[PDB]
Amino acid sequence: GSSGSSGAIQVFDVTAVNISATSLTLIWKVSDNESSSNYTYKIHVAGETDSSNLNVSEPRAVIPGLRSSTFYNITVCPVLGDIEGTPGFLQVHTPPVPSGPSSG
């Protein structure tokens, strides 16, 4: 057929299976299952006060100790050992916490 774009590791189908107030499970689909070995995902969370990050070997990654009612920007970058693909971006919106702090 042709040769140009086809042939590259890119994280697509990035969606949140579960979005809690202080936690959220992330999921994505990789265009490689046969040689899905030595696959690593570099997560980079960016909040408002501070940012976080975590590396996993699975297409999923939950973010503990999260904040409710706050925008978050997660970037899942695939890494098959010594390779670098395209970072998967997915906007998430944590639900409003039914609990509010009472000062005084």
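We count from 1, first residue shown onward.
When the header is checked for method, it gives solution NMR.
Note that Cβ sites are derived from N, Cα and C of the backbone, with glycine treated the same way.
The cloning artifact feature in the PDB entry is assigned to 1-7, 99-104.
Sequence annotations record features per position, and here Swiss-Prot assigns domain 'Fibronectin type-III 4' to 10-98. What Swiss-Prot lists as N-linked glycosylation site is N18, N33, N38, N55, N73.
Features as recorded by Swiss-Prot, highlighted on the structure.
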| residue | record | Cβ neighbours (10 Å) |
| --- | --- | --- |
| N18 | N-linked glycosylation site | 10 |
| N33 | N-linked glycosylation site | 9 |
| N38 | N-linked glycosylation site | 11 |
| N55 | N-linked glycosylation site | 12 |
| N73 | N-linked glycosylation site | 13 |
Just to be sure I understand, if DSSP states are collapsed into helix, strand and coil, how many residues of the cloning artifact (1-7) fall in each?
0 helix, 0 strand, 7 coil
Rounding to whole Å, the Cα atoms of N33 (N-linked glycosylation site) and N18 (N-linked glycosylation site) are apart by 23
Cα-Cα separation of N38 (N-linked glycosylation site) and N73 (N-linked glycosylation site), in Å?
25
